[PDB]
Amino acid sequence: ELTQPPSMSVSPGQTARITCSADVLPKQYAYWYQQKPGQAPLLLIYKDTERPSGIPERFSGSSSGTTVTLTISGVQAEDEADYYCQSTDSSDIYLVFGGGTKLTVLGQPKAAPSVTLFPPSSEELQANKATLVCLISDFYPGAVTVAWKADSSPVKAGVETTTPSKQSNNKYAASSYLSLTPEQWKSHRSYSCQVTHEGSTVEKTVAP
Amino acid sequence: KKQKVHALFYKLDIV
Amino acid sequence: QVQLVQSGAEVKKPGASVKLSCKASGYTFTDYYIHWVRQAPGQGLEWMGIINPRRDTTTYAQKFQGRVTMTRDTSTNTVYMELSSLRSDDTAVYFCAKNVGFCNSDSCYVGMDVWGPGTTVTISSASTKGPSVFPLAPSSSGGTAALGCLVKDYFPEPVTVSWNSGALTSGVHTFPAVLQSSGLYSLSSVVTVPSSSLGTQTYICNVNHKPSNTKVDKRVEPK
């Protein structure tokens, strides 16, 4: 089995060194691939050290004993991605991938979330349903917690929240949905979506 | 010392 | 140029089978092996197996022996991968990839030089349902105001949302959908516009859910 670090951070311009290790590597060539979210992997390095046409020289590969190393020089923001080593098993027949290494390029400015909260629409209430919609965008880093309240009291039931996902501007977004009956909605003076990010909270309130 | 003829070759081109 | 074209997204119920296709072009099909590799959501790459289209021979990873079948058609330069008795754990993107080297008695290097884009396979017990669409009307955010559309309880992904039939592009943010415990999806699309245009320009979200062959146009007006 092939072991590489799950994660690694580096600053722009620095050099990244991703190592992958296994007993079988002295006898088996390795291959390095880059994968950006939602894309097909891209071959960076083959036969331990050879770089295909189209891959920039910033990427190089080396071998030493039971380790192989991918080196990225002059790391740029666009090198943020997962890097995978690949070789063959001790069976000498079956191909195996490493777990992959997520490369984070430091320097993204922190950013507090913007929160929009929508109450149930008229149409939905006529259909005898009620959904509150809390939309959370433009935050970095990509971790948030969402808490819902009705009239000072927390609400846990009927909550559905996405995982944070990266937007086109490299900040993150998430959404949370609170499902209610029209009777609960009309029963309280207000409802609130509270979004916590890096020890601070942004809260929106709606009312029937 | 790196194996240059992969075992999959013999498994797959044998019939 | 070498290109690999894969069949579109599949949605299956547990216990079913799925047959994926990989159509190769730009090189001599019978000179190179084809790999299949899969990647479950958020996880790493896992090799499934390899087919040699010249001799129609195969080898699969141990965990897939017995439930994968790879076949090929040289008339159309196509490789197929069939996975049986699908489980929730089989939800993944499935890639095909061309072997990097030409293999003969003097040399055989086994890695992937060109990858197909991936076929998404989703295993779920849910049944196809078009969305219910609702307006997210703006209210009271300086010189700009947020209005949106809620796209509730549909299955499967994807849905597309456009505004004013595609004319309105700037300020549009369609959020990733949430998968509810009911097995159905919901998402929201919100567009940020100048606060003065409310009352002067019209705003219509066009929801398109091809898997159910439904389109919905919903006008979003202030209340």
# chains A, B, ... in the order shown; residues from 1 in each chain; ligands from 1
>>> interface_residues(of="chain A", to="chain C", cutoff="6 Å", atoms="only C-alpha atoms", output="NGL selection string")
:A and (40 or 43 or 99 or 162)
>>> write_last_selection(atoms="C-alpha atoms", output="PDB file, in the first residue's frame")
ATOM      1  CA  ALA A  40     -10.399  14.336 -14.757  1.00  0.00           C
ATOM      2  CA  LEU A  43      -0.785  12.895 -15.682  1.00  0.00           C
ATOM      3  CA  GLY A  99      -4.600   8.224  -0.649  1.00  0.00           C
ATOM      4  CA  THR A 162     -25.219  21.468   3.125  1.00  0.00           C
TER       5      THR A 162
END
>>> interface_residues(of="chain C", to="chain B", cutoff="7 Å", atoms="only C-alpha atoms", output="PyMOL selection string")
chain C and resi 52+55+57-58+103+105-110
>>> closest_atom_pairs(of="chain A", to="chain B", cutoff="6 Å", atoms="only C-alpha atoms", output="Markdown table")
| residue | atom | partner | partner_atom | distance |
| --- | --- | --- | --- | --- |
| A:27 | CA | B:2 | CA | 4.4 |
| A:28 | CA | B:2 | CA | 5.2 |
| A:93 | CA | B:8 | CA | 5.6 |
>>> write_last_selection(atoms="N, CA, C and O atoms", output="PDB file, in the first residue's frame")
ATOM      1  N   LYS A  27      11.076  -1.732  -6.939  1.00  0.00           N
ATOM      2  CA  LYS A  27      10.897  -2.616  -8.083  1.00  0.00           C
ATOM      3  C   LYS A  27       9.780  -2.186  -9.030  1.00  0.00           C
ATOM      4  O   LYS A  27       9.552  -2.869 -10.034  1.00  0.00           O
ATOM      5  N   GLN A  28       9.081  -1.084  -8.759  1.00  0.00           N
ATOM      6  CA  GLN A  28       7.946  -0.674  -9.583  1.00  0.00           C
ATOM      7  C   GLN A  28       7.978   0.825  -9.845  1.00  0.00           C
ATOM      8  O   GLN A  28       8.156   1.620  -8.918  1.00  0.00           O
ATOM      9  N   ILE A  93       0.777  -7.224 -10.040  1.00  0.00           N
ATOM     10  CA  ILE A  93      -0.257  -7.260 -11.067  1.00  0.00           C
ATOM     11  C   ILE A  93      -1.249  -6.106 -10.917  1.00  0.00           C
ATOM     12  O   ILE A  93      -1.604  -5.452 -11.903  1.00  0.00           O
TER      13      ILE A  93
END
>>> residues_around(residues="residue C:126", least_positions_apart="2", cutoff="7 Å", atoms="only C-alpha atoms", output="JSON, numbers by chain")
{"C": [124, 128, 183]}
>>> closest_residue(among="C:30, C:69, C:201, C:214", to="residue C:84", atoms="only C-alpha atoms")
C:69
>>> select_by_dssp(residues="chain B", states="helix (DSSP H, G or I)", output="ChimeraX atom specification")
/B:7-12
>>> residues_around(residues="residue A:5", least_positions_apart="6", cutoff="8 Å", atoms="only C-alpha atoms", output="VMD selection string")
chain A and resid 18 to 20 99 to 101
>>> select_by_dssp(residues="stretch 52-182 of chain A", states="strand (DSSP E or B)", output="VMD selection string")
chain A and resid 59 to 64 67 to 72 81 to 88 95 to 97 101 to 105 111 114 to 118 130 to 140 145 to 150 153 to 155 159 to 161 165 to 166 172 to 180
>>> residues_around(residues="residue A:73", least_positions_apart="5", cutoff="12 Å", atoms="only C-alpha atoms", output="ChimeraX atom specification")
/A:10-18,56-61,79
>>> write_last_selection(atoms="C-alpha atoms", output="CSV table (one decimal), in the first residue's frame")
chain,number,residue,atom,x,y,z
A,10,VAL,CA,2.7,26.1,1.1
A,11,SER,CA,2.9,29.8,0.4
A,12,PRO,CA,3.0,31.3,-3.1
A,13,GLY,CA,6.4,31.0,-4.7
A,14,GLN,CA,7.5,28.3,-2.2
A,15,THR,CA,8.4,24.7,-3.3
A,16,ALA,CA,6.1,21.8,-2.5
A,17,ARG,CA,7.5,18.3,-1.9
A,18,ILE,CA,4.9,15.5,-1.9
A,56,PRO,CA,5.5,22.7,-17.1
A,57,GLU,CA,9.0,22.1,-15.8
A,58,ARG,CA,7.8,23.4,-12.4
A,59,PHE,CA,6.8,19.8,-11.9
A,60,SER,CA,9.5,17.3,-11.5
A,61,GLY,CA,9.8,13.8,-10.0
A,79,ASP,CA,-1.6,24.4,-8.2
>>> residues_around(residues="residue C:18", least_positions_apart="4", cutoff="10 Å", atoms="only C-alpha atoms", output="PDB file with N, CA and C atoms, in the first residue's frame")
ATOM      1  N   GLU C  10     -25.654   8.242 -14.651  1.00  0.00           N
ATOM      2  CA  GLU C  10     -26.590   7.162 -14.394  1.00  0.00           C
ATOM      3  C   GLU C  10     -27.103   7.267 -12.960  1.00  0.00           C
ATOM      4  N   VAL C  11     -28.385   6.972 -12.796  1.00  0.00           N
ATOM      5  CA  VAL C  11     -29.027   6.868 -11.489  1.00  0.00           C
ATOM      6  C   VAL C  11     -29.631   5.476 -11.406  1.00  0.00           C
ATOM      7  N   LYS C  12     -29.256   4.717 -10.374  1.00  0.00           N
ATOM      8  CA  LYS C  12     -29.677   3.328 -10.249  1.00  0.00           C
ATOM      9  C   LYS C  12     -30.221   3.056  -8.849  1.00  0.00           C
ATOM     10  N   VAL C  68     -17.600  -7.176 -11.820  1.00  0.00           N
ATOM     11  CA  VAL C  68     -17.320  -6.291 -12.941  1.00  0.00           C
ATOM     12  C   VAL C  68     -17.134  -7.145 -14.184  1.00  0.00           C
ATOM     13  N   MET C  81     -17.869  -1.166 -19.346  1.00  0.00           N
ATOM     14  CA  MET C  81     -17.640  -1.687 -18.001  1.00  0.00           C
ATOM     15  C   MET C  81     -18.998  -1.887 -17.353  1.00  0.00           C
ATOM     16  N   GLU C  82     -19.295  -3.113 -16.954  1.00  0.00           N
ATOM     17  CA  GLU C  82     -20.574  -3.431 -16.327  1.00  0.00           C
ATOM     18  C   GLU C  82     -20.321  -3.839 -14.883  1.00  0.00           C
ATOM     19  N   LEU C  83     -20.983  -3.153 -13.953  1.00  0.00           N
ATOM     20  CA  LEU C  83     -20.866  -3.414 -12.525  1.00  0.00           C
ATOM     21  C   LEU C  83     -22.221  -3.902 -12.029  1.00  0.00           C
ATOM     22  N   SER C  84     -22.228  -5.008 -11.297  1.00  0.00           N
ATOM     23  CA  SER C  84     -23.463  -5.675 -10.910  1.00  0.00           C
ATOM     24  C   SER C  84     -23.736  -5.516  -9.422  1.00  0.00           C
ATOM     25  N   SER C  85     -24.986  -5.781  -9.057  1.00  0.00           N
ATOM     26  CA  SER C  85     -25.444  -5.752  -7.661  1.00  0.00           C
ATOM     27  C   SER C  85     -24.996  -4.469  -6.968  1.00  0.00           C
ATOM     28  N   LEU C  86     -25.470  -3.352  -7.505  1.00  0.00           N
ATOM     29  CA  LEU C  86     -25.001  -2.058  -7.035  1.00  0.00           C
ATOM     30  C   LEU C  86     -25.472  -1.805  -5.605  1.00  0.00           C
ATOM     31  N   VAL C 121     -22.239   8.028 -11.233  1.00  0.00           N
ATOM     32  CA  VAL C 121     -23.229   7.001 -10.937  1.00  0.00           C
ATOM     33  C   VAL C 121     -23.710   7.195  -9.504  1.00  0.00           C
TER      34      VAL C 121
END
>>> atom_distance(atom1="atom CA of residue C:14", atom2="atom CA of residue C:72")
25.9 Å
